[PDB]
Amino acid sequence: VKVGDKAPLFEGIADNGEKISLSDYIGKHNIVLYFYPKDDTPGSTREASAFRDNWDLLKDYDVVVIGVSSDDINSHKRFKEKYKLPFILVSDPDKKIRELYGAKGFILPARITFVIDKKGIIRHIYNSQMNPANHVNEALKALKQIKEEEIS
């Protein structure tokens, strides 16, 4: 998976117990798909919080934010409710979505974020375990680049 490739399609279960298909968003909105190790931990909470804190700004870039981890649905709802996260959280029980995106990691699940445009093309990849809060900034920079190409 590299910048320029079509984003791999997948189906999973969202925190609302509903099934989610990436293809249902492809072409309709820009997409920020971010992988994080585990629910309600210092770093992932910080990353999720950063995305929450920029929710309104993200609205200007026509985008859907989807978080992914190996935690189950209930863990996702609790994490989401506990920090008032407004976006979607997908459960990846057997790590199949991670494998698809090459985000399995080695000493632990990779904290990697992908920004996908309306043509279903990956426009940016940011892989960094140590800078959880910076993931939203990188997603925003990619979204700004994309918007800048749309506007004119």
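All residue numbers refer to positions in the sequence shown, first residue = 1.
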Problem set entry | 111-119 or 22-30, whichever carries the higher mean Cα B-factor | 22-30
Problem set entry | Most elevated Cα B-factor in the entry, residues 61, 126, 51, 35 | 61
Exercise. Going by the entry, which third of its chain does the Cα temperature factor of residue 137 land in?
Worked result: lowest
Exercise. Residue 143: which third of its chain by C-alpha temperature factor?
Worked result: lowest
Seminar exercise, completed: Of the three thirds of Cα B-factor ranks in this chain, residue 93 occupies the middle
For this session: Within this chain's modelled residues, let me know which third the CA B factor of residue 86 belongs to: lowest, middle or highest.
Result: middle
Exercise. Taking the entry's C-alpha B-factors for this chain, is residue 41 in the lowest, middle or highest third?
Worked result: highest
